[PDB]
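Structural features, examined
So you can see what is in the structure, the chains are spelled out below.
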Amino acid sequence: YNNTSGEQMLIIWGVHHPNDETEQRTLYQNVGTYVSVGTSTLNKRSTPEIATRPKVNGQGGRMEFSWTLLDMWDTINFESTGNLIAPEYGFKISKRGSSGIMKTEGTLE
Amino acid sequence: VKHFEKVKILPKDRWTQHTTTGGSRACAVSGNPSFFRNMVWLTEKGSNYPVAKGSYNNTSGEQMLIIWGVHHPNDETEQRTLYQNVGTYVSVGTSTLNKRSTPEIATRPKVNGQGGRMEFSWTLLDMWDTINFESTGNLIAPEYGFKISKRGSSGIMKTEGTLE
Ligand SMILES: *[C@@H]1O[C@H](CO)[C@@H](O[C@@H]2O[C@H](CO)[C@@H](O)[C@H](O)[C@H]2NC(C)=O)[C@H](O)[C@H]1NC(C)=O
Ligand SMILES: *[C@@H]1O[C@H](CO)[C@@H](O)[C@H](O)[C@H]1NC(C)=O
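Bear in mind the residue numbers are our own, running from 1 along each chain as written, so they may not match the entry, and residues with no coordinates are left out. Written order determines the labels here, with chains lettered from A and ligands numbered from 1. Here we see some chains out of a larger assembly; the values all refer to those chains and nothing more. For side-chain calculations, the full set of non-hydrogen atoms in the structure is used, while hydrogens and water are omitted.

In the PDB header, X-ray crystallography is given as the technique by which the entry was determined, and 2.900 Å as its resolution.

Below is the structure:
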């Protein structure tokens, strides 16, 4: 994706780490897989790690999630032989400014 | 941390598969070879270096420091001796933690006459969470890991001197 938006675009991608070779084969149909992302200011290569873990949400498999901020006119490249969880989207920045994240259990009035 | 409570989560004896005996000349005490008392160096039995699996689910009521290590051989034959298999790996996991390291084989300079190296990573197990081990080789296991007894404000003072 070449970024034409006029602003910076936050972008997120993921990589699956399965619980067995059986998962890996039944999904990705092969092994030794990689996920690879790149930009002008970034090149990152990932090698999905298949082990045994405690179920969480009834799951021993996990997903590792990573993000980059793509500058204007740059271009981002995705290549994987398996285990890629790809972005359908990414978010341009329409408005910047002083802001924050407030931690509260409450609600608006 | 003000007090610890050492608790063995992976006894040497109830691990059947490998030979736990190893320790080398670096850890020698008065010329007598030794090892890390809290740890276990797993190496094969009879040409077989089978799947090494482990688990602990933490009852203890306060959290647990746990350490492990991964062996890095000087040479291919150093590797082949102990673990019997090439392209081995170590994998540890928890609810929050997942790690898998692939051991590295290269010729490295002499420090205490050694081209072998050992790399320790550690975690804090919370309440009720389970820690799992899996290895095709090169693992250095905890026998025990540390329950915290006393929480509290303390420090580590750097000093050469000694208590009076
Ligand atoms: C990504 O696309 C943009 C526009 O689609 C490219 O910007 C143009 O690049 C060409 C070739 O150098 C120039 O002739 C135009 O003047 C550029 N237009 C603008 C508005 O910058 C951009 O070069 C592309 N990315 C890469 C890596 O080439
Ligand atoms: C560990 O033991 C506690 C005791 O009830 C339990 O709540 C927890 O689910 C156990 N962990 C596993 C592996 O189920």
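**Focus on the overall build of chain A**
Secondary structure follows DSSP: runs of H or I at least 4 residues long count as helices, runs of E at least 2 residues long count as strands, and numbering of each begins at the N terminus. For chain A, the helix and strand inventory stands at one helix and seven strands. Beginning at the N terminus, the succession of helices and strands in chain A can be written as β-α-β-β-β-β-β-β. Only C-alpha atoms enter the radius of gyration; for comparison, a globular chain is expected to reach 2.2 Å times N to the power 0.38, where N is the number of residues. Radius of gyration (C-alpha) of chain A: 18 Å, far over the 13 Å computed for a compact globule of 109 residues. Along the first, second and third principal axes, the C-alpha atoms of chain A reach 50 × 40 × 20 Å. When each of the 109 residues of chain A is scored for burial, the buried share is 31%. Within chain A, contacts between residues separated by at least 24 positions form 80% of all contacts whose residues are at least 6 apart in sequence. Values of accessible area rely on a 1.4 Å probe in the Shrake-Rupley scheme; residue burial ignores everything except the protein chains shown. Accessible area of chain A: about 7800 Å², with a carbon and sulfur share of 52%. Residues scored as charged are limited to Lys and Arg (positive) and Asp and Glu (negative), so that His and the chain ends carry no count. Positions of charges follow a simple convention, taking NZ of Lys, CZ of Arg, CG of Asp or CD of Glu. Here chain A contributes 10 positive and 12 negative side-chain charges, whose respective centroids are spaced 2 Å apart. Think of it in three bands: residues with accessible area under 20% of the maximum for their type are buried, residues over 50% are exposed, and the middle band is partly exposed, with areas taken using a 1.4 Å probe on protein chains only. Contacts were defined at the residue level, with two residues in contact if any of their heavy atoms lie within 4.5 Å.

**Side note on the nonpolar core**
The nonpolar core is taken to be a set of buried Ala, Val, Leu, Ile, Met, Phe, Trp, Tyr and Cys residues, with the residues joined through side-chain atoms within 4.5 Å. Grouped together as the largest cluster of nonpolar side chains are 24 residues, with contacts concentrated most on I9, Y56, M64, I66, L125, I131 and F133 of chain B. Secondary-structure elements contributing two or more residues to this core are β2 (39–41), β4 (64–72), β5 (90–93), β8 (130–135) and β9 (139–142) of chain B. In terms of residues, this core owes the most to one element, β4 of chain B, which gives four residues. Beyond its immediate stretch of four places on either side in the chain, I66 of chain B contacts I9, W122, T123, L125, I131, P142 and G145 of chain B. Listed in part, the six residues of the second largest apolar core include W13, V37, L70 and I76 of chain A.

**Side note on the site of ligand 1**
All names here are of chain A. Near is defined per residue: the residue qualifies when any heavy atom it owns lies within 4 Å of the molecule or strand. Surrounding ligand 1, one finds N2, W73 and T75. Polar contact is the term for a pair of N or O atoms within 3.5 Å; when the atoms are in protein, one must be able to donate a hydrogen and the other to accept it, and sequence-neighboring residues count only if both atoms are side-chain atoms. Here an oxygen atom of ligand 1 sits 2.4 Å away from a polar atom, N or O, in the side chain of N2. Coverage of ligand 1 by the protein chains reaches 24% of its 570 Å² of free accessible surface.

**Considerations on the pattern of salt bridges**
When their charged atoms lie close together, side chains carrying opposite charge are able to pair. All names here are of chain B. By salt bridge we mean one thing: a side-chain nitrogen of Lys or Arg within 4 Å of a carboxyl oxygen of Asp or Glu. In total, this model carries four salt bridges over all chains according to the counting rule given. Across the pair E5 and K147 runs a salt bridge whose closest N-O atoms are separated by 3.3 Å. Of this pair, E5 sits in strand β1 (residues 4–8) while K147 sits in strand β10 (residues 144–148); the two residues are 142 residues apart in sequence, bridging distant segments of the chain. Take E5: its relative accessible area is 36%, and that puts it in the partly exposed class. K147 gets classed as buried once you look at its relative accessible area, which sits at 13%. With its nearest N and O atoms 3.5 Å apart, the salt bridge here joins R151 to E62. Within this pair, whereas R151 is found in the segment after β10, its partner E62 is found in the loop between β3 (52–57) and β4, the two being separated by 89 residues in sequence. Classification of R151 by relative accessible area gives exposed; the value is 51%.

**Digging into the site of ligand 2**
Residue and element names in this part refer to chain B. In the vicinity of ligand 2, the contacting residues are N57, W128 and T130. Within the contact set of ligand 2, an oxygen atom lies 2.4 Å away from a side-chain nitrogen or oxygen of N57. Relative to its unbound accessible area of 360 Å², ligand 2 is 32% covered by the protein chains.

**A short note on the interface of chain A and chain B**
Counting residues at the interface gives nine residues for chain A, matched by eleven residues for chain B. Defined here as a combined quantity, buried area equals the accessible surface (1.4 Å probe) lost by two parts on assembly, summed across both. Broken down residue by residue, the surface that chain A buries against chain B is led by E49, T52 and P54 of chain A, which jointly contribute 52%. Applying the counting criterion to the chain A and chain B interface returns zero salt bridges. For the pair chain A and chain B, the number of links is six residue pairs in polar contact. Throughout this entry, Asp, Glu, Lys and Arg are counted as charged residues, while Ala, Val, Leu, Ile, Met, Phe, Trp, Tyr, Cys and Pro are counted as nonpolar. The remaining residues, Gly among them, count as polar. Classifying every residue of the side of chain A that touches chain B by side-chain character gives four nonpolar, two polar and three charged.

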